[PDB]
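Numbered by the deposited numbering, the letters in the sequence shown go through residues 23 to 89, 91 to 128 in order.
Below: the structure, in structure tokens.
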Amino acid sequence: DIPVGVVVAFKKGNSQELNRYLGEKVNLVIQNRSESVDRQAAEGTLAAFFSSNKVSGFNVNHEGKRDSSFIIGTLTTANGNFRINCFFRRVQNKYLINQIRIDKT
């Protein structure tokens with residue numbers, strides 16, 4: 023339901039490790055602006071985000087599951104905290120990210 027590797031990747035700010043968990047289409051919602059992009063475009067955007075905001079940690083605060092699944096977590100960075108909501112859908116029995124919301128908190 024919730025890939026350990028995703029949480030590990032966020033904890034390190036490592037987009038390359040997130041890449042294997044990204045679906046082929048990902049809805050990124052950053053500063054309340056929603057864009058839908060392909061896997062490669064998402065991975066680059068996340069690399070930029072982690073490069074802009076040096077990550078110190080990540081903690082999962084809530085998990086939920088729906089037939091789909093999600094985590095609600097707090098990312099600590101050199102520029103302060105962000106709230107991350109990451110949603111997954113099962114593709115061929117593997118959970119893959121289809122939406123990430125990132126808000127500065």
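Quick reminder that beta carbons are idealized off the backbone N, C-alpha and C, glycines included.
Query, Result
"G45 burial status per 10 Å Cβ neighbour count (16 or more: buried)", "buried"
"Three-state secondary structure assigned by DSSP to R113", "strand"
"Beta-carbon proximity check, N81 vs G96, cutoff 8 Å", "yes"
"Residues near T128 by beta carbon distance below 7 Å, same chain, minus five either side", "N104, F105, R106"
"Extent of the continuous beta strand (DSSP E) to which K87 belongs", "77-87"
"Three-state class that DSSP yields for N108 in the structure shown", "strand"
"Counterpart residues of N49 in DSSP-defined beta bridges", "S58, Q122"
"Rounded C-alpha distance that separates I52 from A69", "14 Å"
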